[PDB]
>>> print(open('structure05.txt').read())   # compact mmCIF, C-alpha atoms
# COMPACT_ATOMS: atom_id res chain seq x y z
CA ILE A 44 81.75 73.32 -89.59
CA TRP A 45 82.11 70.17 -87.45
CA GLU A 46 85.55 71.26 -86.11
CA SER A 47 84.44 74.88 -85.43
CA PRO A 48 82.02 75.39 -82.52
CA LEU A 49 80.79 78.74 -83.92
CA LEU A 50 80.02 77.42 -87.42
CA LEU A 51 78.40 74.36 -85.86
CA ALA A 52 76.29 76.43 -83.50
CA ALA A 53 75.11 78.52 -86.45
CA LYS A 54 74.15 75.34 -88.39
CA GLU A 55 72.29 73.97 -85.33
CA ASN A 56 70.47 77.27 -84.60
CA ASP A 57 71.97 76.98 -81.07
CA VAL A 58 71.48 80.48 -79.71
CA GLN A 59 72.90 79.73 -76.24
CA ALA A 60 76.12 78.22 -77.62
CA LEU A 61 76.56 81.14 -80.06
CA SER A 62 76.07 83.72 -77.34
CA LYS A 63 78.62 82.06 -75.06
CA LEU A 64 81.20 81.77 -77.88
CA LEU A 65 80.65 85.35 -79.03
CA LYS A 66 81.10 86.84 -75.55
CA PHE A 67 84.70 85.50 -75.48
CA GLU A 68 86.72 87.20 -78.21
CA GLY A 69 87.97 83.58 -78.13
CA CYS A 70 86.20 82.44 -81.26
CA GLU A 71 87.37 84.50 -84.20
CA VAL A 72 83.95 85.69 -85.32
CA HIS A 73 85.27 86.07 -88.88
CA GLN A 74 86.56 82.46 -89.14
CA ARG A 75 85.57 80.73 -92.38
CA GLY A 76 84.71 77.25 -93.65
CA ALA A 77 86.16 75.55 -96.73
CA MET A 78 83.93 77.56 -99.13
CA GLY A 79 85.02 80.84 -97.51
CA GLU A 80 81.73 81.00 -95.62
CA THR A 81 81.17 82.79 -92.26
CA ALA A 82 78.90 81.69 -89.43
CA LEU A 83 76.31 84.12 -90.82
CA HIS A 84 76.41 82.51 -94.28
CA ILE A 85 75.88 79.20 -92.53
CA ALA A 86 72.88 80.53 -90.51
CA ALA A 87 71.34 81.95 -93.69
CA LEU A 88 71.87 78.73 -95.68
CA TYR A 89 70.17 76.63 -93.01
CA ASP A 90 67.34 79.18 -92.69
CA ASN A 91 68.23 79.78 -89.04
CA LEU A 92 66.79 83.19 -88.32
CA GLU A 93 67.58 83.23 -84.60
CA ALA A 94 71.23 82.33 -85.07
CA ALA A 95 71.52 84.91 -87.82
CA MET A 96 70.10 87.58 -85.49
CA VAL A 97 72.50 86.71 -82.70
CA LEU A 98 75.41 86.86 -85.13
CA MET A 99 74.31 90.17 -86.73
CA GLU A 100 73.79 91.75 -83.34
CA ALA A 101 77.15 90.60 -82.02
CA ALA A 102 79.16 91.11 -85.20
CA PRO A 103 77.27 93.33 -87.66
CA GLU A 104 80.32 93.44 -89.97
CA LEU A 105 79.39 89.84 -90.99
CA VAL A 106 76.46 91.29 -92.93
CA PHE A 107 78.82 92.59 -95.64
CA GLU A 108 81.15 89.61 -96.03
CA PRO A 109 81.14 87.64 -99.27
CA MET A 110 81.93 83.97 -99.73
CA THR A 111 85.48 83.82 -101.07
CA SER A 112 85.70 80.41 -102.76
CA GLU A 113 85.81 80.37 -106.56
CA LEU A 114 82.48 78.49 -106.62
CA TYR A 115 80.57 81.01 -104.47
CA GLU A 116 82.64 84.15 -104.90
CA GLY A 117 80.72 87.25 -103.89
CA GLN A 118 77.68 85.52 -102.41
CA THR A 119 76.39 87.43 -99.36
CA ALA A 120 73.99 86.36 -96.57
CA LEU A 121 71.38 88.51 -98.38
CA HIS A 122 71.73 86.52 -101.63
CA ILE A 123 71.23 83.28 -99.57
CA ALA A 124 68.23 84.64 -97.72
CA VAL A 125 66.69 85.69 -101.04
CA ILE A 126 67.17 82.18 -102.53
CA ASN A 127 65.49 80.66 -99.44
CA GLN A 128 62.70 83.25 -99.67
CA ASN A 129 63.20 84.08 -95.98
CA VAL A 130 61.38 87.38 -95.87
CA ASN A 131 62.13 88.00 -92.19
CA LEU A 132 65.87 87.38 -92.74
CA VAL A 133 65.94 89.58 -95.86
CA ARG A 134 64.28 92.42 -93.91
CA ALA A 135 66.70 91.99 -90.98
CA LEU A 136 69.79 92.11 -93.21
CA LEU A 137 68.49 95.05 -95.19
CA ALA A 138 67.65 96.96 -91.98
CA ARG A 139 71.29 96.55 -90.97
CA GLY A 140 72.58 98.01 -94.23
CA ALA A 141 73.24 94.79 -96.30
CA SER A 142 74.29 95.82 -99.81
CA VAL A 143 71.71 95.46 -102.54
CA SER A 144 74.53 96.00 -105.07
CA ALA A 145 76.64 92.99 -104.07
CA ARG A 146 77.46 90.74 -106.99
CA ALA A 147 77.61 86.94 -106.81
CA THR A 148 80.22 86.19 -109.43
CA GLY A 149 81.35 82.69 -108.41
CA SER A 150 81.35 79.85 -110.90
CA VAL A 151 78.13 78.28 -109.64
CA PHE A 152 76.34 81.50 -110.63
CA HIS A 153 77.63 81.63 -114.21
CA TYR A 154 75.40 81.32 -117.28
CA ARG A 155 76.66 77.87 -118.34
CA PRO A 156 75.22 74.63 -119.76
CA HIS A 157 76.58 72.70 -116.73
CA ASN A 158 75.01 75.04 -114.11
CA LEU A 159 71.44 74.38 -112.94
CA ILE A 160 70.40 77.99 -112.47
CA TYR A 161 71.23 81.31 -113.90
CA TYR A 162 69.90 84.10 -111.74
CA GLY A 163 72.37 86.81 -112.60
CA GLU A 164 74.55 88.36 -109.91
CA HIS A 165 72.48 90.84 -107.88
CA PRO A 166 70.03 90.23 -105.04
CA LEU A 167 67.15 91.77 -107.10
CA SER A 168 67.87 89.37 -109.99
CA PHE A 169 67.83 86.44 -107.51
CA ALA A 170 64.52 87.67 -106.04
CA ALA A 171 62.87 88.02 -109.48
CA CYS A 172 64.00 84.49 -110.41
CA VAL A 173 62.71 82.75 -107.31
CA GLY A 174 59.37 84.65 -107.80
CA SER A 175 59.10 86.62 -104.51
CA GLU A 176 57.15 89.87 -105.13
CA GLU A 177 57.52 90.84 -101.46
CA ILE A 178 61.30 90.43 -101.52
CA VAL A 179 61.53 92.27 -104.86
CA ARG A 180 59.63 95.20 -103.31
CA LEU A 181 61.76 95.19 -100.13
CA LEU A 182 64.95 95.28 -102.23
CA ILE A 183 63.73 98.17 -104.43
CA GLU A 184 62.67 100.09 -101.28
CA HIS A 185 66.29 99.71 -100.09
CA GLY A 186 67.67 101.16 -103.31
CA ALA A 187 68.19 98.12 -105.59
CA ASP A 188 68.84 99.31 -109.15
CA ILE A 189 66.42 97.65 -111.57
CA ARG A 190 68.78 98.63 -114.41
CA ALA A 191 71.80 96.75 -112.98
CA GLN A 192 73.63 94.58 -115.50
CA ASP A 193 75.64 91.42 -114.91
CA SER A 194 78.93 90.45 -116.50
CA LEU A 195 77.05 89.48 -119.72
CA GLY A 196 75.25 92.83 -119.91
CA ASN A 197 72.03 91.14 -118.86
CA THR A 198 69.48 93.16 -116.93
CA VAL A 199 66.90 91.46 -114.74
CA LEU A 200 64.58 91.60 -117.78
CA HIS A 201 66.97 89.42 -119.83
CA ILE A 202 67.49 87.06 -116.90
CA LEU A 203 63.74 86.53 -116.58
CA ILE A 204 63.60 85.53 -120.29
CA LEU A 205 66.05 82.73 -119.48
CA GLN A 206 63.90 81.18 -116.67
CA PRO A 207 61.75 77.97 -116.96
CA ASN A 208 58.59 79.21 -115.17
CA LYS A 209 57.14 81.53 -117.83
CA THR A 210 53.84 82.37 -116.07
CA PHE A 211 55.28 84.08 -112.96
CA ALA A 212 58.22 85.40 -115.05
CA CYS A 213 55.76 87.48 -117.04
CA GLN A 214 54.12 88.94 -113.92
CA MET A 215 57.53 89.66 -112.47
CA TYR A 216 58.68 91.34 -115.69
CA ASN A 217 55.72 93.71 -115.45
CA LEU A 218 56.21 94.24 -111.72
CA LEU A 219 59.77 95.30 -112.39
CA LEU A 220 58.72 97.65 -115.20
CA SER A 221 56.12 99.31 -112.95
CA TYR A 222 59.11 100.81 -111.11
CA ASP A 223 60.71 101.94 -114.40
CA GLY A 224 57.70 104.16 -115.16
CA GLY A 225 57.89 107.44 -117.09
CA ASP A 226 61.65 108.10 -116.89
CA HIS A 227 63.06 110.83 -119.17
CA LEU A 228 65.30 108.38 -121.07
CA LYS A 229 65.43 104.91 -122.47
CA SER A 230 63.06 102.28 -121.24
CA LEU A 231 64.93 99.43 -119.56
CA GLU A 232 63.32 97.28 -122.30
CA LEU A 233 65.60 98.97 -124.84
CA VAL A 234 68.84 98.17 -123.02
CA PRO A 235 70.77 95.41 -124.83
CA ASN A 236 73.08 92.81 -123.39
CA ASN A 237 76.68 92.15 -124.55
CA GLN A 238 75.31 90.01 -127.39
CA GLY A 239 73.39 93.13 -128.60
CA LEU A 240 69.97 91.64 -127.78
CA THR A 241 67.15 93.43 -125.99
CA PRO A 242 64.87 91.28 -123.86
CA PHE A 243 62.27 91.08 -126.71
CA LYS A 244 64.89 89.88 -129.19
CA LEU A 245 66.38 87.51 -126.64
CA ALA A 246 62.97 85.97 -126.10
CA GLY A 247 62.79 85.32 -129.81
CA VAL A 248 66.28 83.90 -130.03
CA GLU A 249 65.71 81.56 -127.05
CA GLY A 250 62.29 80.35 -128.19
CA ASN A 251 60.54 81.75 -125.11
CA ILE A 252 57.09 81.75 -126.75
CA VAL A 253 55.28 83.34 -123.77
CA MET A 254 57.64 86.25 -123.39
CA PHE A 255 58.15 86.76 -127.17
CA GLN A 256 54.42 87.20 -127.69
CA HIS A 257 53.99 89.35 -124.55
CA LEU A 258 56.76 91.68 -125.57
CA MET A 259 55.82 91.81 -129.27
CA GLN A 260 52.25 92.96 -128.51
CA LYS A 261 53.69 95.35 -125.92
CA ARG A 262 55.71 97.33 -128.48
CA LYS A 263 52.71 97.51 -130.87
CA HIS A 264 50.67 99.03 -128.02
CA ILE A 265 53.63 101.35 -127.30
>>> encode(input="structure05.txt", output="structure tokens")
Amino acid sequence: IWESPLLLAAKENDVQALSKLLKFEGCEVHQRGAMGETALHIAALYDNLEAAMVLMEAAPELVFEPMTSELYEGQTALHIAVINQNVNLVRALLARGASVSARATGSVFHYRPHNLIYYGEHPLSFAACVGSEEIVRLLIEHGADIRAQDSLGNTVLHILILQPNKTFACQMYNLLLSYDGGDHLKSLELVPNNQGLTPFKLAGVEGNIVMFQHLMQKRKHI
């Protein structure tokens, strides 16, 4: 960042500096930092909407670029914007065609004792985990697949079982299922992960008392 004027301008939300650099074809607009991050990743991380807009306007291809480091492999500006709950930035990226299918597969995202979070891989899974109903709805409206599975076979339903904040997780679980509806084959609730556990069974295995009860009474009603 500090050695690159474009990355620095993005960090500083310095719209004038960005615009003057971008008009050159002097700055390589696709230059990357040490984590394989672009100026647009940097704008998103720092919650700099104006810099992100200037960059997307000037170089819309940046919307699709993943971080390339092993730690952050696959992370897109949309994933970052979702984590920051920047609704305006999420809408902007989506309006420009940002992929709702992009998978964040870098080591910091892995389901591991050492990692602080596990939010799965997909933007929708991130959105459900940070608790943004508005962002969840925006993503689904742009074609996000509620049935998408991560590398462990976990759907968003499983991933919600693994989260600490059980009260919103339950509301989010139901929000997500309201888009599943009366489909002519298996409820998403019946899809197992690679361990062979459905969300209900996973809740039991993990000692998620809130979700185990919720889901148990659910099936009895169904």
>>> residues_around(input="structure05.txt", residues="residue A:240", least_positions_apart="3", cutoff="12 Å", atoms="only C-alpha atoms", output="ChimeraX atom specification")
/A:195-198,200-201,204,232-237,243-249
>>> write_last_selection(input="structure05.txt", atoms="C-alpha atoms", output="short mmCIF file (atom, residue, chain, number, x, y, z; two decimals), keeping the file's coordinate frame")
data_model
loop_
_atom_site.label_atom_id
_atom_site.label_comp_id
_atom_site.auth_asym_id
_atom_site.auth_seq_id
_atom_site.Cartn_x
_atom_site.Cartn_y
_atom_site.Cartn_z
CA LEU A 195 77.05 89.48 -119.72
CA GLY A 196 75.25 92.83 -119.91
CA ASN A 197 72.03 91.14 -118.86
CA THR A 198 69.48 93.16 -116.93
CA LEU A 200 64.58 91.60 -117.78
CA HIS A 201 66.97 89.42 -119.83
CA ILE A 204 63.60 85.53 -120.29
CA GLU A 232 63.32 97.28 -122.30
CA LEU A 233 65.60 98.97 -124.84
CA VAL A 234 68.84 98.17 -123.02
CA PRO A 235 70.77 95.41 -124.83
CA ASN A 236 73.08 92.81 -123.39
CA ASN A 237 76.68 92.15 -124.55
CA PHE A 243 62.27 91.08 -126.71
CA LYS A 244 64.89 89.88 -129.19
CA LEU A 245 66.38 87.51 -126.64
CA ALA A 246 62.97 85.97 -126.10
CA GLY A 247 62.79 85.32 -129.81
CA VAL A 248 66.28 83.90 -130.03
CA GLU A 249 65.71 81.56 -127.05
#
>>> residues_around(input="structure05.txt", residues="residue A:96", least_positions_apart="2", cutoff="9 Å", atoms="only C-alpha atoms", output="ChimeraX atom specification")
/A:83,91-94,98-101,132,135-136
>>> atom_distance(input="structure05.txt", atom1="atom CA of residue A:172", atom2="atom CA of residue A:221")
17.0 Å
>>> closest_residue(input="structure05.txt", among="A:147, A:253, A:97, A:87", to="residue A:210", atoms="all atoms listed in the file")
A:253
>>> closest_residue(input="structure05.txt", among="A:169, A:242, A:84, A:179", to="residue A:130", atoms="all atoms listed in the file")
A:179
>>> closest_residue(input="structure05.txt", among="A:74, A:129, A:119, A:206", to="residue A:165", atoms="all atoms listed in the file")
A:119
>>> residues_around(input="structure05.txt", residues="stretch 184-190 of chain A", least_positions_apart="6", cutoff="7 Å", atoms="all atoms listed in the file", output="list in words")
residues 143, 144, 167, 198, 199 and 231 of chain A
>>> atom_distance(input="structure05.txt", atom1="atom CA of residue A:173", atom2="atom CA of residue A:55")
25.5 Å
>>> closest_residue(input="structure05.txt", among="A:230, A:241, A:251, A:56", to="residue A:265", atoms="all atoms listed in the file")
A:230
>>> residues_around(input="structure05.txt", residues="stretch 160-164 of chain A", least_positions_apart="3", cutoff="7 Å", atoms="only C-alpha atoms", output="ChimeraX atom specification")
/A:146-148,152-154,168-169,172,193,202
>>> residues_around(input="structure05.txt", residues="residue A:117", least_positions_apart="3", cutoff="12 Å", atoms="only C-alpha atoms", output="JSON, numbers by chain")
{"A": [78, 79, 80, 84, 107, 108, 109, 110, 111, 112, 113, 114, 120, 121, 122, 123, 142, 144, 145, 146, 147, 148, 149, 150, 151, 152, 164, 165, 166]}
